[PDB]
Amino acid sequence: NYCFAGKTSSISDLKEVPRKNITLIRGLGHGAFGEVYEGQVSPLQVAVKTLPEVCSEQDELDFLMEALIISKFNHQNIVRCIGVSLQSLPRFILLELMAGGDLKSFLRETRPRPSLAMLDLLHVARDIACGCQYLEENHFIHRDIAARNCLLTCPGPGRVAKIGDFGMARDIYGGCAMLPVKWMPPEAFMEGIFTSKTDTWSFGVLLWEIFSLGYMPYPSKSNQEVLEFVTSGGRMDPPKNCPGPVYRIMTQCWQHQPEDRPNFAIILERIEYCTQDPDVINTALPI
C-alpha cells in the first residue's frame, strides 16, 4: 500500500490503460536505469516511463510505488499521472508530457548567446516553490529537489515548471557515491534526518542552479569536499549577476539549523517580492 493526504491506496486505484491503446513515438532520455518515451493513447500525447524487463523484484515494487505516489498528487506544479500499463510487459507508467524537457538542460541550452530574462527564472523558481509548498502542506518530503528532476511544459514564453521525478522518495518508502550530497543539508548527510526543512535546503541549491543558468553546484568541488565545506559553515557564492534579494533567499534556505530555515510559504512570499522589484527583474543575465 501507499498513503498520502489521509488516504491509503493500492494498485487497483491506478487506471490501467489497455496495452493495445499505447503507441511509442520517440525516445526522450534515460534515467537512473529506466527509459522515457513520447507516446500516444487513443489521441492523447503522453510520456511513457518504462520498467526494464531485465529487472529484480525490488525493482518491480519500486516501479509500482512510483505510480501510486504520483497518482495522489493533485497540483499544477507536479506532473500528472495519466495511468499505467502494468498488466503487459514491459510495464509502463503514463505521465504528462513536458515539451520543454528537464530544467537543467533547458537552462544550459538557453544560456543567452550572440531570449531569457530574470523574470523567467523567478517564475520557474516560483513554480517549483509552489509544488514544494503543496508537498509540505501534505507532509510529503521529496528528498531530491534539483534542476534535473524538474520539467517544463514548453520551452517558449508561458512555460510552467513542475516537479517531474519522485524516485528518491520512493526508494525510502543506493549508496554513498550515489547520494545527492551537493543538495543535502548537514543533518541529512550526517544523521540521515529528513524533514520539510531538508527540501528547503535543496530548493536553495536548485535556486542557485536556476540563476547560475544550469551550472553544477559547488562547481570545482567533489562530494566529500562539499561535505566538509558545508559542515564547516561554507556556502556557495552568488551566481554571476545574481540579484541580492535572490541570493538572500538562497542563504536563508542554507541556514545551518533547520528551524532557522524558512518554510515554503515564506519562500514563495519572498520570491513574489522579488518579481515585484524592478531592480531585480531588470538585471541582465550574463552571456
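Rigid core: the largest C-alpha set superposing within 1.5 Å between the two forms. We number the residues from 1 along the sequence you see.
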Legend entry - Stretch departing more from the displayed form, 163-171 or 134-142, Cα RMS in 5 other deposited structures of this protein (core fit): 163-171
Legend entry - RMS CA shift, core-fitted in 5 other deposited structures of this protein, bigger for 234-242 or for 61-69: 61-69
Legend entry - Chain break class at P114/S115 - deposited residues not modelled: 4 to 9
Legend entry - Comparing 224-232 with 32-40, the one whose average Cα B-factor in the PDB entry is higher: 32-40
Legend entry - Greater mean Cα temperature factor according to the PDB record, 277-285 or 3-11: 3-11
Inset, instruction - Identify, among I70, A47, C55, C253, the residue whose C-alpha carries the highest B-factor in the deposited PDB entry. - result: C55
Legend entry - Out of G83, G174, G131, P186, highest CA B-factor residue: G174
Inset, instruction - Comparing against every modelled residue in the chain, figure out the third that the C-alpha B-factor of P262 lands in (lowest, middle or highest). - result: lowest
Legend entry - Modelled-residue ranking by C-alpha temperature factor, third containing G27: highest
Inset, instruction - Quick one: classify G101 as lowest, middle or highest third of the chain based on its Cα B-factor. - result: middle
Inset, instruction - Comparing against every modelled residue in the chain, figure out the third that the C-alpha B-factor of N149 lands in (lowest, middle or highest). - result: lowest
Inset, instruction - Would you mind ranking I210 by its C-alpha B-factor against the rest of the chain and naming the third, lowest, middle or highest? - result: lowest
